[PDB]
$ cat final-v8.tsv   # TSV, C-alpha atoms and all ligand atoms
chain	number	residue	atom	x	y	z
M	1	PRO	CA	-57.99	-206.55	-51.79
M	2	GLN	CA	-55.55	-204.11	-50.34
M	3	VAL	CA	-54.43	-203.37	-46.80
M	4	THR	CA	-52.97	-200.26	-45.13
M	5	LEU	CA	-50.28	-200.64	-42.58
M	6	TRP	CA	-52.04	-198.65	-39.93
M	7	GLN	CA	-53.01	-201.82	-38.34
M	8	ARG	CA	-51.04	-204.99	-38.07
M	9	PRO	CA	-51.90	-206.68	-41.32
M	10	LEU	CA	-53.51	-209.78	-39.98
M	11	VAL	CA	-55.51	-212.21	-42.08
M	12	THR	CA	-56.89	-215.63	-41.41
M	13	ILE	CA	-55.24	-218.82	-42.45
M	14	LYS	CA	-56.63	-222.20	-42.74
M	15	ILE	CA	-53.87	-224.64	-42.22
M	16	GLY	CA	-54.42	-228.29	-41.74
M	17	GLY	CA	-58.07	-227.89	-40.90
M	18	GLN	CA	-57.41	-225.17	-38.33
M	19	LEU	CA	-58.12	-221.48	-38.42
M	20	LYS	CA	-55.60	-218.95	-37.14
M	21	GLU	CA	-54.75	-215.35	-37.75
M	22	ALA	CA	-51.39	-214.50	-39.10
M	23	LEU	CA	-49.12	-211.56	-39.72
M	24	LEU	CA	-48.21	-210.73	-43.29
M	25	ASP	CA	-44.60	-210.15	-43.01
M	26	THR	CA	-42.75	-208.80	-46.02
M	27	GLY	CA	-39.50	-208.76	-44.13
M	28	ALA	CA	-39.48	-212.43	-43.36
M	29	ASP	CA	-38.01	-214.89	-45.80
M	30	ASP	CA	-40.04	-217.75	-44.45
M	31	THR	CA	-43.32	-218.55	-42.75
M	32	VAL	CA	-43.22	-219.59	-39.17
M	33	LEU	CA	-46.25	-220.44	-37.26
M	34	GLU	CA	-46.74	-221.33	-33.71
M	35	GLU	CA	-46.75	-224.77	-32.28
M	36	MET	CA	-49.61	-226.92	-33.51
M	37	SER	CA	-49.53	-230.33	-35.13
M	38	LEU	CA	-49.39	-230.76	-38.88
M	39	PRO	CA	-49.66	-233.94	-40.79
M	40	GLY	CA	-46.41	-235.03	-42.21
M	41	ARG	CA	-42.86	-235.09	-41.09
M	42	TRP	CA	-40.28	-232.53	-40.75
M	43	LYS	CA	-36.66	-231.94	-40.12
M	44	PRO	CA	-35.15	-229.26	-37.89
M	45	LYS	CA	-34.10	-225.98	-39.22
M	46	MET	CA	-33.02	-223.05	-37.16
M	47	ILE	CA	-34.17	-219.61	-37.74
M	48	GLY	CA	-33.32	-216.31	-36.41
M	49	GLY	CA	-34.36	-212.78	-36.16
M	50	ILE	CA	-33.97	-210.00	-33.76
M	51	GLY	CA	-33.49	-211.71	-30.49
M	52	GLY	CA	-31.56	-214.65	-31.74
M	53	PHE	CA	-32.48	-218.08	-32.75
M	54	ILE	CA	-35.24	-220.48	-32.47
M	55	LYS	CA	-35.38	-224.06	-33.55
M	56	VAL	CA	-38.33	-224.94	-35.71
M	57	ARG	CA	-39.56	-227.96	-37.56
M	58	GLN	CA	-39.97	-227.71	-41.21
M	59	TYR	CA	-42.53	-229.23	-43.41
M	60	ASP	CA	-42.70	-228.77	-47.09
M	61	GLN	CA	-45.68	-229.14	-49.32
M	62	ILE	CA	-48.11	-227.67	-46.92
M	63	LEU	CA	-51.29	-226.20	-48.20
M	64	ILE	CA	-52.36	-223.01	-46.61
M	65	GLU	CA	-55.50	-221.16	-47.44
M	66	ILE	CA	-55.03	-217.46	-46.86
M	67	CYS	CA	-58.30	-215.60	-47.07
M	68	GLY	CA	-59.49	-217.89	-49.88
M	69	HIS	CA	-56.23	-218.08	-51.73
M	70	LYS	CA	-54.54	-221.41	-51.68
M	71	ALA	CA	-50.80	-221.69	-51.51
M	72	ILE	CA	-48.35	-224.53	-51.07
M	73	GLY	CA	-44.98	-224.08	-49.47
M	74	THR	CA	-42.76	-224.66	-46.52
M	75	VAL	CA	-44.00	-223.86	-43.10
M	76	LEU	CA	-41.93	-223.83	-40.00
M	77	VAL	CA	-43.53	-224.44	-36.76
M	78	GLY	CA	-41.98	-223.47	-33.55
M	79	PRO	CA	-42.11	-221.08	-30.69
M	80	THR	CA	-42.84	-217.97	-32.58
M	81	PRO	CA	-44.80	-215.41	-30.64
M	82	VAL	CA	-46.73	-214.49	-33.74
M	83	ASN	CA	-47.82	-216.50	-36.74
M	84	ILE	CA	-46.00	-215.08	-39.67
M	85	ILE	CA	-46.58	-215.34	-43.37
M	86	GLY	CA	-43.32	-214.56	-45.13
M	87	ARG	CA	-42.21	-214.00	-48.68
M	88	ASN	CA	-42.15	-217.61	-49.60
M	89	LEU	CA	-45.83	-217.69	-49.43
M	90	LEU	CA	-46.36	-214.06	-49.96
M	91	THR	CA	-45.12	-214.46	-53.47
M	92	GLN	CA	-47.68	-217.10	-54.23
M	93	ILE	CA	-50.67	-215.03	-53.40
M	94	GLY	CA	-49.13	-212.28	-55.50
M	95	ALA	CA	-48.62	-209.76	-52.78
M	96	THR	CA	-46.95	-206.43	-53.67
M	97	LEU	CA	-45.82	-203.49	-51.68
M	98	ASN	CA	-46.91	-200.31	-53.33
M	99	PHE	CA	-45.62	-196.87	-52.49
V	1	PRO	CA	-42.83	-197.79	-56.68
V	2	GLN	CA	-44.11	-201.31	-56.51
V	3	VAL	CA	-42.05	-203.96	-54.85
V	4	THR	CA	-42.63	-207.61	-55.53
V	5	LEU	CA	-41.44	-209.80	-52.85
V	6	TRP	CA	-39.53	-212.21	-54.94
V	7	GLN	CA	-36.46	-210.59	-53.61
V	8	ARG	CA	-35.88	-208.77	-50.37
V	9	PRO	CA	-37.74	-205.52	-50.25
V	10	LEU	CA	-34.60	-203.59	-49.69
V	11	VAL	CA	-34.63	-199.90	-49.91
V	12	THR	CA	-32.19	-197.08	-49.75
V	13	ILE	CA	-32.44	-194.71	-46.81
V	14	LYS	CA	-30.57	-191.65	-45.68
V	15	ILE	CA	-30.71	-191.02	-42.00
V	16	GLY	CA	-28.80	-188.31	-40.30
V	17	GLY	CA	-26.30	-187.87	-43.03
V	18	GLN	CA	-25.69	-191.55	-43.48
V	19	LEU	CA	-26.67	-193.76	-46.31
V	20	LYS	CA	-27.83	-197.30	-45.41
V	21	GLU	CA	-30.19	-199.78	-46.89
V	22	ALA	CA	-33.03	-201.28	-44.97
V	23	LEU	CA	-35.70	-203.85	-45.23
V	24	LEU	CA	-39.28	-202.76	-45.71
V	25	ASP	CA	-40.99	-204.83	-43.19
V	26	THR	CA	-44.74	-204.86	-42.73
V	27	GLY	CA	-44.50	-207.17	-39.79
V	28	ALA	CA	-42.49	-204.84	-37.67
V	29	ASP	CA	-44.07	-202.14	-35.67
V	30	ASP	CA	-41.16	-199.85	-35.16
V	31	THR	CA	-38.03	-199.20	-37.13
V	32	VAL	CA	-34.82	-200.61	-35.71
V	33	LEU	CA	-31.40	-199.82	-37.00
V	34	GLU	CA	-27.88	-201.00	-36.39
V	35	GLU	CA	-25.77	-198.81	-34.12
V	36	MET	CA	-25.44	-195.37	-35.55
V	37	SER	CA	-24.46	-191.98	-34.36
V	38	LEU	CA	-27.62	-190.06	-34.38
V	39	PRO	CA	-27.90	-186.72	-32.54
V	40	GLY	CA	-27.95	-187.37	-28.90
V	41	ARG	CA	-30.90	-187.90	-26.58
V	42	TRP	CA	-32.81	-191.16	-26.27
V	43	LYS	CA	-34.92	-193.22	-23.96
V	44	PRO	CA	-33.69	-196.71	-23.11
V	45	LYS	CA	-35.97	-199.45	-24.37
V	46	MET	CA	-36.32	-203.17	-25.25
V	47	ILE	CA	-38.10	-204.80	-28.21
V	48	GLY	CA	-39.30	-208.30	-28.81
V	49	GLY	CA	-38.50	-210.40	-31.79
V	50	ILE	CA	-37.99	-214.02	-32.50
V	51	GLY	CA	-35.37	-215.40	-30.26
V	52	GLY	CA	-35.74	-212.94	-27.52
V	53	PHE	CA	-35.63	-209.36	-26.73
V	54	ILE	CA	-33.07	-206.78	-27.54
V	55	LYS	CA	-32.30	-203.48	-25.91
V	56	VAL	CA	-32.31	-200.30	-27.96
V	57	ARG	CA	-31.91	-196.54	-27.74
V	58	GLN	CA	-35.09	-194.84	-28.63
V	59	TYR	CA	-34.44	-191.66	-30.45
V	60	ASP	CA	-37.41	-189.66	-31.51
V	61	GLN	CA	-37.84	-186.97	-34.12
V	62	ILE	CA	-35.46	-188.53	-36.50
V	63	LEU	CA	-35.89	-187.46	-40.06
V	64	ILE	CA	-35.12	-189.97	-42.70
V	65	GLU	CA	-35.23	-190.01	-46.45
V	66	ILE	CA	-36.70	-193.32	-47.32
V	67	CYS	CA	-36.23	-194.22	-50.93
V	68	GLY	CA	-36.52	-190.64	-52.01
V	69	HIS	CA	-39.35	-189.59	-49.77
V	70	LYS	CA	-39.23	-188.42	-46.19
V	71	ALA	CA	-40.85	-188.94	-42.83
V	72	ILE	CA	-40.09	-187.94	-39.30
V	73	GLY	CA	-40.36	-190.58	-36.64
V	74	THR	CA	-38.87	-192.51	-33.82
V	75	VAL	CA	-36.09	-194.80	-34.64
V	76	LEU	CA	-34.70	-197.45	-32.35
V	77	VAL	CA	-31.03	-197.99	-32.66
V	78	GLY	CA	-29.61	-201.16	-31.33
V	79	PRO	CA	-27.94	-204.34	-32.39
V	80	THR	CA	-30.24	-205.64	-35.05
V	81	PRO	CA	-28.84	-207.94	-37.76
V	82	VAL	CA	-30.67	-206.07	-40.47
V	83	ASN	CA	-32.19	-202.66	-40.61
V	84	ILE	CA	-35.99	-202.70	-40.48
V	85	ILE	CA	-38.31	-200.00	-41.67
V	86	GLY	CA	-41.46	-200.67	-39.77
V	87	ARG	CA	-44.97	-199.59	-39.92
V	88	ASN	CA	-44.54	-196.50	-37.85
V	89	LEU	CA	-42.81	-195.12	-40.89
V	90	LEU	CA	-44.37	-197.17	-43.62
V	91	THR	CA	-47.62	-195.46	-42.88
V	92	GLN	CA	-46.06	-192.08	-43.38
V	93	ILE	CA	-45.03	-192.89	-46.82
V	94	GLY	CA	-48.39	-194.40	-47.51
V	95	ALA	CA	-47.15	-197.84	-48.32
V	96	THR	CA	-49.94	-200.26	-49.01
V	97	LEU	CA	-49.80	-203.97	-48.96
V	98	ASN	CA	-51.65	-205.32	-51.82
V	99	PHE	CA	-53.34	-208.29	-53.16
F	101	LIG	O1	-41.57	-203.51	-33.03
F	101	LIG	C1	-41.08	-204.60	-32.81
F	101	LIG	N1	-41.23	-205.21	-31.61
F	101	LIG	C2	-41.86	-204.63	-30.40
F	101	LIG	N2	-41.83	-205.20	-29.17
F	101	LIG	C3	-42.49	-204.47	-28.19
F	101	LIG	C4	-43.08	-203.27	-28.63
F	101	LIG	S1	-42.73	-203.18	-30.27
F	101	LIG	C5	-40.23	-205.33	-33.83
F	101	LIG	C6	-39.43	-204.55	-34.68
F	101	LIG	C7	-38.55	-205.14	-35.60
F	101	LIG	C8	-38.47	-206.54	-35.67
F	101	LIG	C9	-39.27	-207.36	-34.85
F	101	LIG	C10	-39.14	-208.88	-34.93
F	101	LIG	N3	-39.23	-209.54	-36.25
F	101	LIG	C11	-38.29	-210.46	-36.59
F	101	LIG	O2	-37.46	-210.79	-35.76
F	101	LIG	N4	-38.23	-211.06	-37.81
F	101	LIG	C12	-37.69	-212.44	-37.92
F	101	LIG	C13	-38.34	-213.19	-39.10
F	101	LIG	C14	-38.00	-214.69	-39.16
F	101	LIG	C15	-39.38	-214.22	-38.65
F	101	LIG	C16	-38.47	-210.34	-39.07
F	101	LIG	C17	-37.41	-209.22	-39.23
F	101	LIG	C18	-36.01	-209.75	-39.41
F	101	LIG	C19	-35.63	-210.29	-40.66
F	101	LIG	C20	-34.35	-210.85	-40.82
F	101	LIG	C21	-33.44	-210.85	-39.74
F	101	LIG	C22	-33.82	-210.30	-38.49
F	101	LIG	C23	-35.11	-209.74	-38.32
F	101	LIG	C24	-39.89	-209.94	-39.37
F	101	LIG	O3	-39.89	-209.56	-40.73
F	101	LIG	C25	-40.31	-208.80	-38.47
F	101	LIG	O4	-41.58	-208.30	-38.85
F	101	LIG	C26	-40.45	-209.25	-37.02
F	101	LIG	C27	-41.49	-210.35	-36.74
F	101	LIG	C28	-42.20	-210.15	-35.42
F	101	LIG	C29	-43.04	-209.02	-35.26
F	101	LIG	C30	-43.70	-208.82	-34.03
F	101	LIG	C31	-43.52	-209.74	-32.98
F	101	LIG	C32	-42.69	-210.86	-33.15
F	101	LIG	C33	-42.03	-211.07	-34.37
F	101	LIG	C34	-40.16	-206.75	-33.92
$ encode --input "final-v8.tsv" --output "structure tokens" --more "lines below"
Ligand SMILES: O=C(Nc1nccs1)c1cccc(CN2C(=O)N(CC3CC3)[C@H](Cc3ccccc3)[C@H](O)[C@@H](O)[C@H]2Cc2ccccc2)c1
Amino acid sequence: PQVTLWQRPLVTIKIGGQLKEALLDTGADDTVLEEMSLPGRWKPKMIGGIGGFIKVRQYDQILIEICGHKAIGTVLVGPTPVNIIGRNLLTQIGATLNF
Amino acid sequence: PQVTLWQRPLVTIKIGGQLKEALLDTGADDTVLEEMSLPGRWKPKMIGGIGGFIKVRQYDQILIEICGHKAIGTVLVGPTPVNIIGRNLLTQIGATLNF
């Protein structure tokens, strides 16, 4: 069900039993969520954007339920200001940009 | 056209005589471009991203041909690693995000 970009395209995730809103972010390669715990273990990666570089912890094989679509992928948790869903998951729910 | 996000949603833009390519980014609110000689007056501004903030020159009333369509808007020109088309413009072309 489609979304116009007049608002920030936020939807709700369920990750790891928790419910958060998240930004659908077609310009991000990866998904980076704020700090919260997630079962499993991780290694560091380092990501950047405008502003520079944060250090995040990466977990693979994480289920996320977006709306009521389930996806499995990497998530990176770290000090992002905003929870972001990026192309790696965006591709799994089949999200297109139409114009 | 439709973009699938399996690759970067990169698009061709002409701004102010100059051809560049830029990322269609639904996460971003405003459009921010690498340093470019656009005609003249600006306000000084800062934007927030991941990593920190950057400091940009806010030019308004910039006309851009985006893909092959056009819009007038504010662009922020400053030291971004990648050029971002953001929703302030994406709405003017009527880009929808879609699942
Ligand atoms: O308007 C903006 N800000 C304002 N502040 C005050 C008033 S308006 C704004 C404009 C352009 C970029 C950004 C920051 N931004 C980003 O840095 N990223 C890194 C990706 C890894 C997460 C991607 C773009 C990108 C991609 C590759 C390389 C560099 C940048 C992502 O796609 C993009 O949406 C956002 C993610 C984001 C959005 C909003 C808040 C925080 C973060 C913000």
$ residues_near_ligand --input "final-v8.tsv" --ligand "ligand LIG 101 (chain F)" --cutoff "6 Å" --atoms "all atoms listed in the file" --output "list in words"
residues 25, 27, 28, 48, 49, 50, 81 and 82 of chain M; 25, 27, 28, 29, 30, 32, 47, 48, 49, 50, 81 and 82 of chain V
$ interface_residues --input "final-v8.tsv" --of "chain M" --to "chain V" --cutoff "8 Å" --atoms "all atoms listed in the file" --output "ChimeraX atom specification"
/M:1-6,8-9,23-29,48-54,80-81,87,90-91,93-99
$ atom_distance --input "final-v8.tsv" --atom1 "atom CA of residue 57 of chain M" --atom2 "atom CA of residue 40 of chain M"
10.9 Å
$ residues_around --input "final-v8.tsv" --residues "residue 64 of chain M" --least-positions-apart "4" --cutoff "7 Å" --atoms "all atoms listed in the file" --output "ChimeraX atom specification"
/M:13-15,70-72
$ atom_distance --input "final-v8.tsv" --atom1 "atom CA of residue 33 of chain V" --atom2 "atom CA of residue 74 of chain V"
10.9 Å
$ residues_around --input "final-v8.tsv" --residues "residue 56 of chain M" --least-positions-apart "4" --cutoff "6 Å" --atoms "only C-alpha atoms" --output "JSON, numbers by chain"
{"M": [44, 45, 46, 76, 77, 78]}
$ write_last_selection --input "final-v8.tsv" --atoms "C-alpha atoms" --output "tab-separated table (two decimals), in the frame of the given file"
chain	number	residue	atom	x	y	z
M	44	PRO	CA	-35.15	-229.26	-37.89
M	45	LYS	CA	-34.10	-225.98	-39.22
M	46	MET	CA	-33.02	-223.05	-37.16
M	76	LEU	CA	-41.93	-223.83	-40.00
M	77	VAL	CA	-43.53	-224.44	-36.76
M	78	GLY	CA	-41.98	-223.47	-33.55
$ atom_distance --input "final-v8.tsv" --atom1 "atom CA of residue 73 of chain V" --atom2 "atom CA of residue 35 of chain V"
16.9 Å
$ residues_around --input "final-v8.tsv" --residues "residue 18 of chain M" --least-positions-apart "2" --cutoff "12 Å" --atoms "all atoms listed in the file" --output "PyMOL selection string"
chain M and resi 12-16+20-21+36-39+63-66
$ build_atoms --input "final-v8.tsv" --residues "segment 7-43 of chain M" --atoms "N, CA and C atoms" --output "PDB file, keeping the file's coordinate frame"
ATOM      1  N   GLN M   7     -52.818-200.805 -39.352  1.00  0.00           N
ATOM      2  CA  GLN M   7     -53.010-201.820 -38.340  1.00  0.00           C
ATOM      3  C   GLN M   7     -52.015-202.899 -38.612  1.00  0.00           C
ATOM      4  N   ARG M   8     -51.900-203.858 -37.699  1.00  0.00           N
ATOM      5  CA  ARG M   8     -51.040-204.990 -38.070  1.00  0.00           C
ATOM      6  C   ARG M   8     -51.773-205.718 -39.150  1.00  0.00           C
ATOM      7  N   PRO M   9     -51.152-205.982 -40.290  1.00  0.00           N
ATOM      8  CA  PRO M   9     -51.900-206.680 -41.320  1.00  0.00           C
ATOM      9  C   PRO M   9     -52.065-208.150 -40.984  1.00  0.00           C
ATOM     10  N   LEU M  10     -53.136-208.410 -40.264  1.00  0.00           N
ATOM     11  CA  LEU M  10     -53.510-209.780 -39.980  1.00  0.00           C
ATOM     12  C   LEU M  10     -54.567-210.265 -40.933  1.00  0.00           C
ATOM     13  N   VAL M  11     -54.429-211.524 -41.362  1.00  0.00           N
ATOM     14  CA  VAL M  11     -55.510-212.210 -42.080  1.00  0.00           C
ATOM     15  C   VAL M  11     -55.630-213.600 -41.526  1.00  0.00           C
ATOM     16  N   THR M  12     -56.663-214.291 -41.947  1.00  0.00           N
ATOM     17  CA  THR M  12     -56.890-215.630 -41.410  1.00  0.00           C
ATOM     18  C   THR M  12     -56.317-216.714 -42.302  1.00  0.00           C
ATOM     19  N   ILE M  13     -55.694-217.687 -41.673  1.00  0.00           N
ATOM     20  CA  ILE M  13     -55.240-218.820 -42.450  1.00  0.00           C
ATOM     21  C   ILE M  13     -56.185-219.942 -42.154  1.00  0.00           C
ATOM     22  N   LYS M  14     -56.220-220.859 -43.099  1.00  0.00           N
ATOM     23  CA  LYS M  14     -56.630-222.200 -42.740  1.00  0.00           C
ATOM     24  C   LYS M  14     -55.434-223.067 -42.989  1.00  0.00           C
ATOM     25  N   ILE M  15     -54.908-223.657 -41.943  1.00  0.00           N
ATOM     26  CA  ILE M  15     -53.870-224.640 -42.220  1.00  0.00           C
ATOM     27  C   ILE M  15     -54.234-225.919 -41.543  1.00  0.00           C
ATOM     28  N   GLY M  16     -54.142-226.977 -42.311  1.00  0.00           N
ATOM     29  CA  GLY M  16     -54.420-228.290 -41.740  1.00  0.00           C
ATOM     30  C   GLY M  16     -55.743-228.465 -41.041  1.00  0.00           C
ATOM     31  N   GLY M  17     -56.762-227.795 -41.553  1.00  0.00           N
ATOM     32  CA  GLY M  17     -58.070-227.890 -40.900  1.00  0.00           C
ATOM     33  C   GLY M  17     -58.309-226.897 -39.798  1.00  0.00           C
ATOM     34  N   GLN M  18     -57.303-226.086 -39.466  1.00  0.00           N
ATOM     35  CA  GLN M  18     -57.410-225.170 -38.330  1.00  0.00           C
ATOM     36  C   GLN M  18     -57.379-223.768 -38.834  1.00  0.00           C
ATOM     37  N   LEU M  19     -57.916-222.871 -38.024  1.00  0.00           N
ATOM     38  CA  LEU M  19     -58.120-221.480 -38.420  1.00  0.00           C
ATOM     39  C   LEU M  19     -57.314-220.594 -37.501  1.00  0.00           C
ATOM     40  N   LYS M  20     -56.410-219.783 -38.032  1.00  0.00           N
ATOM     41  CA  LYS M  20     -55.600-218.950 -37.140  1.00  0.00           C
ATOM     42  C   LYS M  20     -55.458-217.645 -37.808  1.00  0.00           C
ATOM     43  N   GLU M  21     -55.054-216.619 -37.084  1.00  0.00           N
ATOM     44  CA  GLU M  21     -54.750-215.350 -37.750  1.00  0.00           C
ATOM     45  C   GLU M  21     -53.277-215.287 -37.943  1.00  0.00           C
ATOM     46  N   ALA M  22     -52.828-214.495 -38.884  1.00  0.00           N
ATOM     47  CA  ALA M  22     -51.390-214.500 -39.100  1.00  0.00           C
ATOM     48  C   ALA M  22     -50.914-213.175 -39.592  1.00  0.00           C
ATOM     49  N   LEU M  23     -49.673-212.848 -39.306  1.00  0.00           N
ATOM     50  CA  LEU M  23     -49.120-211.560 -39.720  1.00  0.00           C
ATOM     51  C   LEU M  23     -48.499-211.658 -41.091  1.00  0.00           C
ATOM     52  N   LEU M  24     -48.859-210.760 -41.982  1.00  0.00           N
ATOM     53  CA  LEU M  24     -48.210-210.730 -43.290  1.00  0.00           C
ATOM     54  C   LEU M  24     -46.924-209.973 -43.181  1.00  0.00           C
ATOM     55  N   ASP M  25     -45.868-210.675 -43.449  1.00  0.00           N
ATOM     56  CA  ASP M  25     -44.600-210.150 -43.010  1.00  0.00           C
ATOM     57  C   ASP M  25     -43.572-210.036 -44.110  1.00  0.00           C
ATOM     58  N   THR M  26     -43.646-208.958 -44.877  1.00  0.00           N
ATOM     59  CA  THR M  26     -42.750-208.800 -46.020  1.00  0.00           C
ATOM     60  C   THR M  26     -41.263-208.810 -45.733  1.00  0.00           C
ATOM     61  N   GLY M  27     -40.922-208.711 -44.458  1.00  0.00           N
ATOM     62  CA  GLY M  27     -39.500-208.760 -44.130  1.00  0.00           C
ATOM     63  C   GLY M  27     -38.998-210.135 -43.770  1.00  0.00           C
ATOM     64  N   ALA M  28     -39.919-211.089 -43.722  1.00  0.00           N
ATOM     65  CA  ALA M  28     -39.480-212.430 -43.360  1.00  0.00           C
ATOM     66  C   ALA M  28     -39.323-213.283 -44.596  1.00  0.00           C
ATOM     67  N   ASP M  29     -38.227-214.016 -44.648  1.00  0.00           N
ATOM     68  CA  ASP M  29     -38.010-214.890 -45.800  1.00  0.00           C
ATOM     69  C   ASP M  29     -38.947-216.068 -45.839  1.00  0.00           C
ATOM     70  N   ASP M  30     -39.341-216.481 -44.637  1.00  0.00           N
ATOM     71  CA  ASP M  30     -40.040-217.750 -44.450  1.00  0.00           C
ATOM     72  C   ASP M  30     -41.257-217.572 -43.576  1.00  0.00           C
ATOM     73  N   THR M  31     -42.049-218.614 -43.457  1.00  0.00           N
ATOM     74  CA  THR M  31     -43.320-218.550 -42.750  1.00  0.00           C
ATOM     75  C   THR M  31     -43.147-219.398 -41.539  1.00  0.00           C
ATOM     76  N   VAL M  32     -43.412-218.833 -40.400  1.00  0.00           N
ATOM     77  CA  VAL M  32     -43.220-219.590 -39.170  1.00  0.00           C
ATOM     78  C   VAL M  32     -44.448-219.386 -38.319  1.00  0.00           C
ATOM     79  N   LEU M  33     -44.995-220.500 -37.938  1.00  0.00           N
ATOM     80  CA  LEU M  33     -46.250-220.440 -37.260  1.00  0.00           C
ATOM     81  C   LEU M  33     -45.962-220.992 -35.919  1.00  0.00           C
ATOM     82  N   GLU M  34     -46.942-220.822 -35.056  1.00  0.00           N
ATOM     83  CA  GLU M  34     -46.740-221.330 -33.710  1.00  0.00           C
ATOM     84  C   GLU M  34     -46.712-222.825 -33.671  1.00  0.00           C
ATOM     85  N   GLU M  35     -46.700-223.324 -32.460  1.00  0.00           N
ATOM     86  CA  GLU M  35     -46.750-224.770 -32.280  1.00  0.00           C
ATOM     87  C   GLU M  35     -48.163-225.238 -32.426  1.00  0.00           C
ATOM     88  N   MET M  36     -48.381-226.136 -33.379  1.00  0.00           N
ATOM     89  CA  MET M  36     -49.610-226.920 -33.510  1.00  0.00           C
ATOM     90  C   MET M  36     -49.226-228.124 -34.362  1.00  0.00           C
ATOM     91  N   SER M  37     -50.031-229.171 -34.382  1.00  0.00           N
ATOM     92  CA  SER M  37     -49.530-230.330 -35.130  1.00  0.00           C
ATOM     93  C   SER M  37     -49.850-230.187 -36.596  1.00  0.00           C
ATOM     94  N   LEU M  38     -49.110-230.864 -37.445  1.00  0.00           N
ATOM     95  CA  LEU M  38     -49.390-230.760 -38.880  1.00  0.00           C
ATOM     96  C   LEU M  38     -49.060-232.092 -39.451  1.00  0.00           C
ATOM     97  N   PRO M  39     -49.930-232.604 -40.299  1.00  0.00           N
ATOM     98  CA  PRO M  39     -49.660-233.940 -40.790  1.00  0.00           C
ATOM     99  C   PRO M  39     -48.433-233.979 -41.682  1.00  0.00           C
ATOM    100  N   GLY M  40     -47.507-234.805 -41.294  1.00  0.00           N
ATOM    101  CA  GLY M  40     -46.410-235.030 -42.210  1.00  0.00           C
ATOM    102  C   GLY M  40     -45.219-235.167 -41.319  1.00  0.00           C
ATOM    103  N   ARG M  41     -44.045-235.129 -41.926  1.00  0.00           N
ATOM    104  CA  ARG M  41     -42.860-235.090 -41.090  1.00  0.00           C
ATOM    105  C   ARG M  41     -41.970-234.014 -41.607  1.00  0.00           C
ATOM    106  N   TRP M  42     -40.982-233.787 -40.781  1.00  0.00           N
ATOM    107  CA  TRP M  42     -40.280-232.530 -40.750  1.00  0.00           C
ATOM    108  C   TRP M  42     -38.827-232.851 -40.580  1.00  0.00           C
ATOM    109  N   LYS M  43     -37.997-231.832 -40.685  1.00  0.00           N
ATOM    110  CA  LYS M  43     -36.660-231.940 -40.120  1.00  0.00           C
ATOM    111  C   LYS M  43     -36.511-230.652 -39.347  1.00  0.00           C
TER     112      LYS M  43
END
